[PDB]
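Positions of Cβ are backbone-derived with ideal geometry, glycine not excepted, and every protein chain shown enters the neighbour counts. What follows draws every value from the coordinates through simple rules; no lab data is involved.
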Amino acid sequence: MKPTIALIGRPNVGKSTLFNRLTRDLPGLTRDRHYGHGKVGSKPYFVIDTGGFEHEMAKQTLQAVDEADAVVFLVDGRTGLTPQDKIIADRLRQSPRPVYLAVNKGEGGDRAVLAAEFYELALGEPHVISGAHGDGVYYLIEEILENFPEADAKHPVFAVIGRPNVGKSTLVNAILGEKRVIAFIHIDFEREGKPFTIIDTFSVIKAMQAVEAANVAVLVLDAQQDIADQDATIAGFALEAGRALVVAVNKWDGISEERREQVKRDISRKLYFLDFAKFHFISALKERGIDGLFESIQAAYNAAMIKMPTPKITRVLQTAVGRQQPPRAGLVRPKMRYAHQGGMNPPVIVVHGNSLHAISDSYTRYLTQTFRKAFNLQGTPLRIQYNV
Amino acid sequence: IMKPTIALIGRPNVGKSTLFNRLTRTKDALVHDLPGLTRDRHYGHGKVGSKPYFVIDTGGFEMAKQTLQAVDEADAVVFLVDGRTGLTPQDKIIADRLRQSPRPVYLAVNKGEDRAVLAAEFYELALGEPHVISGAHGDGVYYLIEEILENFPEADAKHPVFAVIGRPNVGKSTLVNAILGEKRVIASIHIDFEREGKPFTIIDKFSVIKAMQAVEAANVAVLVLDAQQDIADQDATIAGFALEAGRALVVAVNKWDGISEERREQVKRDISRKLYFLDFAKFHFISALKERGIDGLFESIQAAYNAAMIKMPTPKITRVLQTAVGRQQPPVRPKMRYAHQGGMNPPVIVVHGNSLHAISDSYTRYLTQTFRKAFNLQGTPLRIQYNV
Ligand SMILES: Nc1nc2c(ncn2[C@@H]2O[C@H](COP(=O)(O)OP(=O)(O)O)[C@@H](O)[C@H]2O)c(=O)[nH]1
Ligand SMILES: Nc1nc2c(ncn2[C@@H]2O[C@H](COP(=O)(O)OP(=O)(O)O)[C@@H](O)[C@H]2O)c(=O)[nH]1
Ligand SMILES: Nc1nc2c(ncn2[C@@H]2O[C@H](COP(=O)(O)OP(=O)(O)O)[C@@H](O)[C@H]2O)c(=O)[nH]1
Ligand SMILES: [Cl-]
Ligand SMILES: [Cl-]
Ligand SMILES: [Cl-]
């Protein structure tokens, strides 16, 4: 498992600003993220901005301290020292895990004088940084990662994920039965002869790690409630991980028929960014729909692991381009000539040609759907990329 | 009578969006937003203060062409600087351009939660009195706003007064000439005309401030979209402003002459998916250039105005409500007994009962549609509200 860094600090000290630096959809909207994959640094890691949970600290914030591999305590170096900061430092100092004191917004400053007050916190060396502009952030992260040192399974290895109370335990018990669940990290089992592995592990950190360890994620939704922010950030994390995905709309036994289309329409409207995944309507309690859930889990694994021959891809591309030409880039007419796979799990298709530098999102969506149909890629977040 | 516009100006990271959110904060928070997403706003209606006004956070442009325009066209500028940091060379160049302004320019020394020391450093900018504030916590903000507004001193038209709004280059000028030159149309900021006996007024490069002023002067807005491009962020924020104004709306999907038949459904799909929050308005698919489809615009403008101005008797509303609830009960089981109109242009329906504190967004959607069908309210952003 790769490390998780939890950002902690007073409101307005620069946490989300830092988080966006470390981890850097429809028009007019911006997707809320308070946890994601660290992209700044030589090693992979997860980042949690505990500002997204919230004076004393918050229940989930203290949990993040217990569960993260390290905490960054962010403070406003321009201000001076607020008494709220001294309280937080008192709890963090007890951490048996790393606590890095980051003195933020110290850009163009004197890094020694700006960390003068903060030795009193007894959390060690203050790290003068600037989350906005990046001064010292890369070097801070590299020291955090100097602690932790840095092949696809032949069958689907899946994690059941989702909000509390959607039915994950009921689904797992329905899948495994009593006898194989009493032998619980990885539980290998067989179904109709074919092999599967389920991963057993609210804890954001625990959910990210389930996603990291799996090659398929089964996202469980409670059909009896509206889709929630937390439903959406979990699914969003899975999407950023490129994890193959199957969606289990659970507690379907509760919905009357009149309400059924209203709920299917509601769910596709609010989880549009999952239209690459098959949606099953199941009842973990009454054990209905589980068989087709397994068909889709296997299909998601297959799609995720596909190896597509360049001539097939190029053939599919040229037929699509012949039927509908790409949008004219103002005056210039893009030419799409060939394409090949540049990644796996998820598959990535790289399109080659001239003037591919401003291809509209809708045309990229048309190529994606064509490729998905041609290669049966439902279940994996296939991505198109233009060689520019 | 035009309302004043205040433009926030300043370096990245001085507190503009924070201030803008404070100044435009709606207690009820009425935006039809999705789970996990947040709708971006950098201009809106001012809510802090005794008088009405608009606010623009010029940070949403990234000096810059549009920012310089806001300096020219706003009634006043707030120049936001970081009092904690000190005085950056970038701040001084901005002061050099702002100092030439023939309109009010207020120097706000932010993040002060030391007022005397922070006013001496900033007198070097020669922008007058520094105002020490804290946009995050609110220190001094209210007094700043009242001092800006102490300059500007503080009936529905019987027929539709409509404004054509939308992004640069979508066809607004072509559409206006087409409307005034149509077959059945007979002909200092308002242009009065008539069609088939009924009266109309249309309101007469691109300016965010001018778009906001068009909406406030109107009782109906015609939003023009360029069908030949993907819906853009700027398409959505213009529509979003119209929505926050509660402005009755007709949507003109323009340049339909360019779209081939195959591409046409892929485009209607794309538009309804990305402008979901406009599902209350009729969409027309027109060609302003070839002057096709303009005739049907006039009925929808009339229909939207009529809907916006409706007066619904309490017994009819309660009747429709009790019937809707009888056919589909709410999902402890809330009881909805009666309802009345508590607002106009847009109409607002207030529902009274027990256990109404957690009604799902999806049920409120069922009631909104039910009321919309029953009272012919397409074109006005009708909203349901619960008394707790
Ligand atoms: N009607 C219905 N209720 C269910 C179903 N699955 C779970 N529940 C109920 O949801 C509650 C929580 O289920 P649980 O498996 O613990 O959810 P978890 O938090 O995701 O593990 C329990 O009281 C279940 O009986 C289902 O398929 N249908
Ligand atoms: N000067 C400076 N300003 C910053 C920095 N990071 C964030 N800000 C500004 O701080 C304001 C709010 O900070 P935010 O990131 O939301 O703090 P959070 O509440 O901890 O997430 C924004 O207007 C930011 O642009 C920094 O490193 N330097
Ligand atoms: N093909 C096509 N082009 C149009 C149409 N309406 C406007 N245009 C073109 O769009 C460009 C800008 O139009 P204009 O009315 O100035 O857009 P505005 O910025 O919204 O006022 C011009 O070159 C027009 O010829 C239409 O219905 N079809
Ligand atoms: Cl991962
Ligand atoms: Cl293949
Ligand atoms: Cl205030």
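Brief remarks on what is shown
- Projecting the Cα atoms of A:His37, A:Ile5, A:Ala374 onto the dipole axis of chain A, where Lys and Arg carry +1 and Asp and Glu carry -1 at the beta carbon, places A:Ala374 farthest toward the positive end.
- Sorted by Cβ density within 10 Å, fewest first, the residues B:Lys3, A:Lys251, B:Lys92: B:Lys92, B:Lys3, A:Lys251
- Long-range HN-HN contacts of A:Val216 with modeled amide H, under 5 Å: A:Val157, A:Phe158, A:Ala159
- Alpha carbon convex hull of region B:334-381, projected area averaged over orientations, nm²: 3.5
- Estimated dipole of chain A in Debye, rounded to 20 [Cβ of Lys and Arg +1, of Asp and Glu -1, Cα centre]: 1960
- Listed residues B:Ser287, B:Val161, A:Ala248: farthest to the positive end of the dipole of the protein assembly as shown (Cβ charges): B:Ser287
- Taking the charge dipole of the protein assembly as shown about its Cα centre, with +1 at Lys and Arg Cβ atoms and -1 at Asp and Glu Cβ atoms, the residue from B:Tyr338, A:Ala207, B:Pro130 reaching farthest to the positive side is B:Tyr338.
- The alpha carbons of region B:161-309 give a radius of gyration and a Dmax of 14.4, 45 Å, in that order.
- Per-bin percent of Cα-Cα distances, the protein assembly as shown [20 Å]: 14, 41, 39, 7, 0
- For B:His284, the residues whose amide H sits under 5 Å from its own are B:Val251, B:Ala252, B:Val253, ignoring neighbours fewer than 5 places away on the same chain, with H placed 1.01 Å from N.
- Exposure proxy shown here: for B:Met312, A:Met344, the number of other Cβ atoms within 10 Å sets the order, fewest to most, as A:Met344, B:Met312.
- Per-residue average of Cβ from other chains inside 10 Å of B:359-368: 3
- Zone of B:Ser50's modelled label, taken as backbone nitrogen in region B:106-142 under 20 Å from a point 7 Å along Cα→Cβ: B:139-142
- Here is the size of chain A from its Cα atoms: Rg then Dmax, 23.7, 69 Å.
- Rounded to the nearest 20 debye, dipole of region B:314-386 from Cβ charges on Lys, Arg, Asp, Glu: 200
- Estimated dipole of the protein assembly as shown in Debye, rounded to 20 [Cβ of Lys and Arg +1, of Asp and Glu -1, Cα centre]: 2880
- Inter-part distance, region A:308-323 to region B:23-88, computed on C-alpha centroids, equals 47 Å.
- Look at the stretch A:28-38: the mean tally of other chain Cβ atoms within 10 Å of its residues' Cβ atoms is 4.
- Set of region A:184-201 residues, backbone N closer than 12 Å to the point 7 Å along the Cα-Cβ line of A:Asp66: none
- Helix-only mean residue ellipticity at 222 nm for chain B, each DSSP H run of n ≥ 4 adding -39500 (n - 2.57), per residue, nearest 500: -10000 deg cm²/dmol
- Per residue of A:71-84, other chain Cβ atoms within 10 Å of the residue Cβ number 1 on average.
- Mean Cβ count within 10 Å, highest first, over the residues of peptides A:78-84, A:4-10, A:130-136: A:4-10, A:130-136, A:78-84
- Protection proxy ranking of B:175-184, A:190-199 - average other beta-carbon atoms within 10 Å, highest first: B:175-184, A:190-199
- Members of B:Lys158/B:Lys290; A:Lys278/A:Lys335; B:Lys172/B:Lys274; B:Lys311/B:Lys373; A:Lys2/A:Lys264; A:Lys59/A:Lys86 lying beyond 25 Å, as alpha-carbon distances in this model show: B:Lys158/B:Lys290; A:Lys278/A:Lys335; A:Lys2/A:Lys264
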